[PDB]
Every structure is written in structure tokens, then in C-alpha cells.
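Asker: below you'll find the sequence and an experimental structure to go with it.
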Amino acid sequence: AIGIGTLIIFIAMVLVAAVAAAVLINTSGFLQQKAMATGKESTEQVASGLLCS
Amino acid sequence: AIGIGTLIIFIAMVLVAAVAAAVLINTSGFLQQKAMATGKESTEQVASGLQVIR
């Protein structure tokens, strides 16, 4: 009798951990973009310019 | 995960360093004109004058 239930709730544990992992993976992806963008943009700003002759 | 914050704080660090750089670039501009003018003007002053012939 006991055995049956153990299996069922095990399934839930798996899925819930999976769902949480998805958040972390996805979010890391979302940030990767902006992180790079910010650095490149900021460098081009400080480095570039024109000079009156 | 620890990674999440590491990313976010990097974004800040970059931005601050940009602002700090900016003030020096700006200030160098301001000083450029002021310096150049001061030299020119001072030179003309010493170099010039009138003389009474008779």
C-alpha cells in the first residue's frame, strides 16, 4: 500500500526541480545579452571622438 | 544561483567607470580652450607697442 504513493510523489519532486532549473537557465540567458551589450557600448563611447584642427 | 548577481553588479561597475571617465574627458575640453587662449593673448601683449618718432 505504502509503496504506491512513494512513487507518485517522487514524480512531483522531479518536475518541480525541473521547473525551478528552467528559471535559472533561462534567466541566465536573458542576462547574457544585456551584459555583453552594455560593455561594448560603453567602451565605444569612451574611446571615440573628433578633434578640431 | 550566485551567477545572477555577479552579472548584474558587473553592469553597474562598467557604468560607474564610464561616468568617471567622462568627467576627465569633459574637463580636458574645458581646460584646452582656456589654456590656448591664455598663451596667445599673453604673447601678443609682450610683442606689441608704439614708439614716438618726433
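Answerer: Nice, I can see it. Numbering: from 1, shown residues only, chains lettered A, B, ... in the order given.

Asker: secondary structure element for the residue most central in space within chain B?
Answerer: Note on chain B: the residue nearest the mean C-alpha position is residue B:28, at 1.0 Å, using CA atoms, centre = their mean. Following DSSP states H and E, one finds residue B:28 within helix B:3-47.

Asker: who touches stretch A:45-53?
Answerer: B:18, B:21, B:22, B:25 (CB atoms under 8 Å, 6 or more residues apart in numbering or on different chains). All C-beta spots, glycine's among them, are computed from the backbone N, C-alpha and C.

Asker: dump that stretch to PDB, restricted to CA.
Answerer: Extracted in PDB, the C-alpha atoms of stretch A:45-53 (Å, rounded to 0.1, in the frame of the first residue of the first chain):
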ATOM      1  CA  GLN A  45      31.600  55.700 -26.100                       C
ATOM      2  CA  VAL A  46      34.700  56.400 -24.100                       C
ATOM      3  CA  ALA A  47      37.100  55.700 -26.900                       C
ATOM      4  CA  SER A  48      35.500  57.600 -29.800                       C
ATOM      5  CA  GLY A  49      35.600  61.300 -30.600                       C
ATOM      6  CA  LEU A  50      36.600  64.100 -33.000                       C
ATOM      7  CA  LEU A  51      39.200  66.800 -32.700                       C
ATOM      8  CA  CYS A  52      39.400  70.400 -34.100                       C
ATOM      9  CA  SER A  53      42.400  71.100 -36.100                       C
END
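
Asker: relative to the whole chain's centre, how far out is that stretch?
Answerer: Mean C-alpha position of stretch A:45-53 versus that of the full chain (CA atoms, centre = their mean, to the nearest Å) differs by 36 Å.

Asker: in it, which residues are buried?
Answerer: Going by neighbour count (16 or more other CB atoms under 10 Å in any protein chain shown), nothing in stretch A:45-53 comes out as buried.

Asker: sweet, I'm off.
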